[PDB]
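Please read the structure below before turning to the comments.
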Amino acid sequence: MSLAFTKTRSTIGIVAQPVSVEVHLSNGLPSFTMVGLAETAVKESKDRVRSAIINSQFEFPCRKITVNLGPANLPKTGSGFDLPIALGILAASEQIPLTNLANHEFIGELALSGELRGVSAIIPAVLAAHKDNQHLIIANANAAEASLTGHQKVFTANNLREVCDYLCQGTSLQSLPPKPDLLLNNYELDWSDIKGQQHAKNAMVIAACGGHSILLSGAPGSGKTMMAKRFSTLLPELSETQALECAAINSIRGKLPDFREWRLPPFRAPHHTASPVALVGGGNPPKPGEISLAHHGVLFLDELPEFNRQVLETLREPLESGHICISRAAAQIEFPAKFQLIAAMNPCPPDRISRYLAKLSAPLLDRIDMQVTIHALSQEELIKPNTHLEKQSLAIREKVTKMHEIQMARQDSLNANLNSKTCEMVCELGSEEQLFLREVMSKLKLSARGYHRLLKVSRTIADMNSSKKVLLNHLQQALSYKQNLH
Amino acid sequence: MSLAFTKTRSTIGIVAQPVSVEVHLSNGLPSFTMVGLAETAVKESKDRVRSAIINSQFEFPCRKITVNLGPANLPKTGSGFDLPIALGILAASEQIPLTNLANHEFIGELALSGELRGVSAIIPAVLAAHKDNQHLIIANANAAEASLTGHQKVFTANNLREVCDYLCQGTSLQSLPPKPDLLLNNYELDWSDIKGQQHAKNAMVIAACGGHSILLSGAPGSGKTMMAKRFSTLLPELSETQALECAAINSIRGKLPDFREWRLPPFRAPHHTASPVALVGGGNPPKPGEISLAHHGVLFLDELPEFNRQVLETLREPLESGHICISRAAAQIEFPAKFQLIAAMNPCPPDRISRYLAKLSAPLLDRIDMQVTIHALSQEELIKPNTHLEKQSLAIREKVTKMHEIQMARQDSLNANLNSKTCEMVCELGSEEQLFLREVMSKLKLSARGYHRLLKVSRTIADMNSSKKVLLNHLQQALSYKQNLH
Amino acid sequence: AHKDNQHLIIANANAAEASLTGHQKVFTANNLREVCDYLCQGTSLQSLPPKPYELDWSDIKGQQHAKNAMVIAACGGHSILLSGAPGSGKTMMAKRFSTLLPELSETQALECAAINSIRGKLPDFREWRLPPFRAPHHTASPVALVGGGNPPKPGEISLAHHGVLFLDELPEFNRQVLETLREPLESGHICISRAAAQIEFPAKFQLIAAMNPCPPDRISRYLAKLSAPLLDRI
Amino acid sequence: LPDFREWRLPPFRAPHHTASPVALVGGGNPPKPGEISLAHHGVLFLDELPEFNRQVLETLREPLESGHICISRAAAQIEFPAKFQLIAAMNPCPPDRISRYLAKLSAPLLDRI
Amino acid sequence: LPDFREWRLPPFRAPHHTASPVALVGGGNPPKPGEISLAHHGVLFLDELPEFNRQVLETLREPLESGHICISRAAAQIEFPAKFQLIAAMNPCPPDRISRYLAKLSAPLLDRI
DNA sequence: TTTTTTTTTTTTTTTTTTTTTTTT
DNA sequence: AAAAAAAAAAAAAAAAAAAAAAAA
Ligand SMILES: Nc1ncnc2c1ncn2[C@@H]1O[C@H](COP(=O)(O)OP(=O)(O)NP(=O)(O)O)[C@@H](O)[C@H]1O
Ligand SMILES: Nc1ncnc2c1ncn2[C@@H]1O[C@H](COP(=O)(O)OP(=O)(O)NP(=O)(O)O)[C@@H](O)[C@H]1O
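Protein chains in written order, with the working numbering: chain Y, 1365 to 1850; chain U, 1365 to 1850; chain P, 49 to 282; chain V, 472 to 584; chain B, 472 to 584.
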């Protein structure tokens, strides 16, 4: 008859869910009705589309035009619906052969002259389009942003007539500019630029291999955030897909990285108090927060007890599943937050100790595997200049990569994410080691999860020593990283 | 078919984003349609533009008119969209040759007689136009404000007919007037009025010469606030590019400053009664706050134990990044906030003194580099008159001008902004210096931050002696200004 | 639809969720033409893809004294107060309890399915017919443990509908929170109200609580924090 | 609209010690002059001065020197004349109780009287 | 509305000893009747009075003589008639601490027994 | 060895800007 | 073809419940 289908994508949450644009024409008096929860920025696109179609020397149909943006449950805020609506209107009036619109997705604004203009936060659309294996058409102003993915099967155009020519006559035009240069870390910082703490350094290196969260205990003014800020150095380079996902997460916020930190794990340490709306998801049109940010990186947490209780209890979901499920009353949208957690805590500024320690949430203070006490540096070490022992981060990075490969070989998850049931099956335990653990529980009444936490850290230490299975010395070193002190 | 394009500037935050006005005429019913998120202040430009065009002996088209305002996602708030729309309507109707609108930007509010009216906050638009090398035409009422920049590519007009004549026959309009007939610095304020406080004045001298933040403590009624106020004169006069930015922020607020002091570094002390939105950011269309009003200047926080922590917890990020980002749920807005901190407090209002200090935010005091005490002024020295007329002023300002260049030659930041690693290799601590530093460290209870705080101010004092490295004499003086006692 | 005994016609895209109930009398369609053909002539639409362990009491040694008491509590539906010295948690006794209870019927399991479905991201694998066991964390939160806030979401107690609640170290908890757990025990549902209106989360379950009476003269203090009505219904 | 009665006698306004900061100084809404501005060119009396909250008393310093209070309603700011003359009455307390009582005063404001 | 009840017969209500101030009289949200507002024309059983909150027992003043507990949310005044009869029970309690025990009995309410 | 006040958070209210539905 | 009665949110202001902070 006189209806057509075109496919777009709208950035809701972090994932660009597919949006079906449906255009129908009927023999009524001329009109234009937009159906679907479209905001003003989209409802105003009627005149833009009419002018773009007319000024490109096409015939704008003088009939009842009905446009539906399915599905109808999701509000649509992106302004880049003009190009698909125009193509749908053209296809409905049989000015474009319909069979070529099946495998394409279109995103882009339209000025009244027919020239395309770019839209913001486009990278997630490209990611979704490739994931579904769909050709994507993009306004040429977005080629600079979209080329960072380096993804094929993405084309750009300048005018609506260019897109029409591509669809009908097949005169393919433009392609993503070539990928930018794959330069190197420019990482400065380095782990070498920290004076000798030794115990804290070794503990952090152990946890980086095992991906375990740590508590940075000790007196304030001792080097808590200073040591943490260098922890992201140890973590390995992210994969192509992981880097692309982090890039989309940052792109939705609006601050494009500088083409270099692409493969560097993020840090994004949140403020002291901040806001629970800001630090987890958001309201209005929902935007990612500090939790959603630093998806595959390391998240820092200074002055853990000070944080609001509701924030800490809502923080249970990520370390348990890696998703946030903030609801918008009508529905819910997911946020990926599978992050490494680093926390700092100061053992009180003796009556107040009970309430101060009790103020800290235990649901958070159960998955914090390791703890360490960061003693202040001796004046001799503070005043002594650093020999710098040449830069030392690539050796530790190589060690972490090898340990991660070893862990990936024996199961499909890291030791931090091991289930309680699989801990016994995976680990190779000797009889004397089991007897030693039984004797240890005589000395200290560790909880049920203490077993698995001690086993988890000792597994990384044992794999660190040379190979094979757990040993008495490994558990002996592990015992030092108990849950608390007092 | 004919349509016209016309460029203008709409200001959001501080920078004036480019906005392209598109006008298209169709053969439908005579209606006027405007799209592009028009705030109702500009949405009613239809009747104003219609009457302005009719009354200037032109011919208003009797056709359907569609007007599109730039990017479809940027709200338009200014009232100065009448002139671009009127010129677009004229150009689309072939009453103006289109080629002349190639590289011009128009800003101006029209009246029904055709006379142009001044629009508030014109300076950022002029700056943006000069950055892009574009002719800018404004109302005659804005000539006084636009003359600050002194750019030669800005023209002014009296009515729409003048603009049409300029675009059609090159009548050449009326250029903006020359720089105001004033050069005399004066400022009626200088360092001499502070009498008797030799030690604190000498310390504030080195505070200006290294960009260090300085904390002041002393008895009320002495020159604390006066020394803060006179501290502006010490800093070197701002460059033209910095003066334009400061004038842009000031004009955006609305307080047009006096031409006499448009190059002095701004000084603005916030008031204790202020919302966290008053100092930083703003509601509505975002407006610069108190902190950004002191860009490239000095911020004076008198009575530091006041200013409820809710206010001070927002000042953290600007002290490190030099800017603050405010989210409008649809875009991100940035405000320049690079400044120098000066704070004043009463040392004493028993163990209650600790509670008095407890209200202070430790991380804020972490960034402060210097502390001095305002001792009670001697009897006869104040009792003795001020017959001395040896006003220092220009001498110390000349000294700090060279001082900033000397620091800028070594690294890419002043002594206050040194990285911890860069504290060394710039201060070649000798054999005896380490000995003395070890002694003072052992006898005191300094932290890691305090040691590096001690090094930077000592570096600045070392430059004051035109010596390559510290000579154990600068360290002794540094201890006095250091020792952030409380 | 099941409660009223009514046929459902549902979009084919929703067959992923409606199949998880394993229901009959629920159909799926693609077009209005298919539904019109069904109503006019009955063209036999699709009817969802039908759907086809844990520990036991054997893992515990011959503790006949407590085992038979627990069985009686399960048979009679009464609560229980497994408590004493905190010996290695002792929660392994409670974890076995959920296995003893009878298998839930269609509506009973389906109601828990809906209650979980509200929280979004429907539980991952399987096992809807097994009654839940979800237990608190000895500190919880008044919003999280009971009812909720913001646009309402079921609390921990409601999630344990037709299941078991293992509230450990009862004395510590919160005095205000404990009394909020009153209406569900008596009626079987909560009526938490806030702002505009309220909704009724069904909260029928069974309670298993633990306590420590300390090693002197501190037993009275350790029991002084107890809520009388909550213990009176045990 | 006082007319013919006191249009040449200096105003005398004595706000009650609680009042409200949005009425004592400036205000919201399309702004209406507050208590402080109502005493322009006149006398302002503050009985039981320490009883006033420190937040309000710290605002008194700006008009006492600059001569006019500058309201700060985020987007907009307006000027109100405040050239008044200040008169204050305080009770020298009814141990550390003396220090606690005198802490409720504003040291700069009292030391500027 | 639960069951078929009896309606024609006097009601009986007994608060949950510790109870709550919002449950005994009035309530939040749109005005909801309190426990004391219940048992209208009936019998209210107040068991173990000292366990109750002192302020609420003081708030029982008007209901037992006036029969109306009109709530005040600063927006509306809903009446909620509460005519009833009081019945209370006391434990003599386990001697100078007897005064401490009796100090919580809310003597103004004890006068109406 | 025994009891209270205050500040913060949350909740509500109010105003205004936004929205959403008249009435030509 | 321009408007005005109604549903939602952002910010300022005031009151109730909790925490703790400090006082006997
Ligand atoms: N182990 C350390 N090694 C080298 N430098 C350190 C070390 N600890 C502190 N520093 C110095 O500490 C200064 C800033 O780091 P730091 O004091 O840790 O800030 P912070 O992490 O925000 N607060 P805190 O951790 O409590 O001290 C730098 O000059 C560092 O050089
Ligand atoms: N050498 C001097 N030392 C101190 N005060 C001086 C000196 N010379 C003049 N003064 C005068 O004394 C006034 C003191 O100002 P100041 O004490 O800073 O008032 P303020 O703004 O309330 N800050 P504060 O110091 O806390 O009282 C100055 O405004 C000068 O008018």
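C-beta atoms are modelled at their ideal positions from N, C-alpha and C, and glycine is treated no differently.
key: Other residues of its chain near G196 of chain P: CB distance less than 8 Å, five sequence neighbours each side excluded   = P202, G203 and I240
query = Which residue's Cα is closest to the Cα of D1554 of chain U: U:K1543, U:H1563, U:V1569 and U:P1544?
reply = U:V1569
inquiry  = I'd like to confirm the pairing. Which residues does DSSP put opposite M1709 of chain Y in its beta bridges?
reply    = Y:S1581
ask   = Under the criterion of a Cβ to heavy atom distance below 7 Å, does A1812 of chain U qualify as lining ligand 1?
value = yes
query = Does DSSP classify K201 of chain P as helix, strand or coil?
reply = coil
query = Just by C-beta distance, which residues in the region 1617-1631 of chain Y are closer than 9 Å to chain U?
reply = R1617, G1618 and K1619
key: Inside the region 1449-1537 of chain Y only - beta strand (DSSP E) runs reaching at least 3 residues   = 1468-1471, 1499-1503 and 1518-1521
ask   = When we look at the beta-carbon of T1513 of chain Y and count the other beta-carbons within 10 Å, is it buried (16 or more) or exposed?
value = buried
request  = Go ahead and label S491 of chain V buried or exposed: buried means 16 or more other beta carbons lie within 10 angstroms of its beta carbon, across all protein chains shown.
outcome  = exposed
inquiry  = Given a cut-off of 8 Å on the beta-carbon distance, is the pair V1406 of chain U and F1445 of chain U in contact?
reply    = yes
inquiry  = At 3 residues or longer, what runs of the beta strand (DSSP E) sit wholly inside the region 1704-1784 of chain Y?
reply    = 1704-1709 and 1734-1737
Members of the region 1700-1719 of chain U that neighbour chain V once the beta carbon cut-off is set at 8 Å = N1710, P1713, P1714 and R1716
query = Are any of the Cβ atoms in chain Y nearer than 8 Å to that of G137 of chain P?
reply = yes
request  = Please list the segments of the alpha helix (DSSP H) lying wholly inside the region 1607-1659 of chain U, counting only runs of 4 or more residues, in order along the chain.
outcome  = 1640-1643 and 1654-1657
query = Can you find a heavy atom of ligand 1 that lies under 7 Å from the Cβ of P1714 of chain U?
reply = no
ask   = What three-state label does DSSP hand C1689 of chain U in the structure shown?
value = strand
request  = Please classify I1558 of chain U: does DSSP put it in a helix, a strand, or coil?
outcome  = coil
request  = Check distances from the C-beta atoms of the region 1726-1737 of chain Y to those of chain P and list, in chain order, the residues that come in under 7 Å.
outcome  = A1726 and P1727
message = Please tell me whether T1375 of chain U and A1489 of chain U are closer than 8 Å, where the distance is taken between their beta carbons.
response = yes
query = Shorter than 8 Å from the beta carbon of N524 of chain B to some beta carbon of chain P?
reply = no
ask   = Going by Cα to Cα distance, which pick from Y:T1404, Y:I1378, Y:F1424 and Y:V1385 is closest to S1390 of chain U?
value = Y:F1424
message = Between the alpha carbons of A1505 of chain Y and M1709 of chain U, how many angstroms are there, rounded?
response = 53 Å
message = So for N1432 of chain Y, helix, strand or coil by DSSP?
response = strand
ask   = How long is the line joining the alpha carbons of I507 of chain V and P501 of chain V, rounded to whole angstroms?
value = 17 Å
inquiry  = Run the Cβ filter for me: residues under 7 Å from any heavy atom of ligand 2, listed in the order they occur in the chain.
reply    = U:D1557, U:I1558, U:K1559, U:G1560, U:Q1561, U:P1584, U:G1585, U:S1586, U:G1587, U:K1588, U:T1589, U:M1590, U:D1666, U:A1708, U:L1741, U:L1746, V:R532, V:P579, V:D582 and V:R583
task = Using a Cβ cut-off of 9 Å, pull out every chain U residue sitting near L1741 of chain Y, in sequence order please.
result = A1812
query = In chain Y, what lies closer than 8 Å to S189 of chain P by C-beta?
reply = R1673, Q1674 and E1677
query = Would you say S543 of chain V faces chain U, with C-beta separation under 8 Å as the test?
reply = yes
request  = Take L1476 of chain Y and list the residues in its own chain whose beta-carbon comes closer than 6 Å to its own, dropping the five residues that flank it on each side.
outcome  = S1415
query = How is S1409 of chain U classed by DSSP in three states: helix, strand or coil?
reply = helix
task = Spell out the partners DSSP gives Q526 of chain B in its beta bridges.
result = In the DSSP output, where bridge partners are listed per residue, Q526 of chain B has none listed.
Residues of the region 1779-1790 of chain U with Cβ closer than 8 Å to any Cβ of chain V, in chain order = none
Classification of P184 of chain P by the beta-carbon crowding that lies within 10 angstroms, buried from 16 upward = buried
ask   = My guess is that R1373 of chain U and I1471 of chain U are in contact by the Cβ rule of under 8 Å, so how many angstroms apart are they, rounded?
value = 6 Å
key: Cα-Cα separation, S1556 of chain U to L1758 of chain U   = 11 Å
task = Using 10 angstroms around the beta-carbon of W176 of chain P, count the other beta-carbons present and answer buried if the total reaches 16, otherwise exposed.
result = buried
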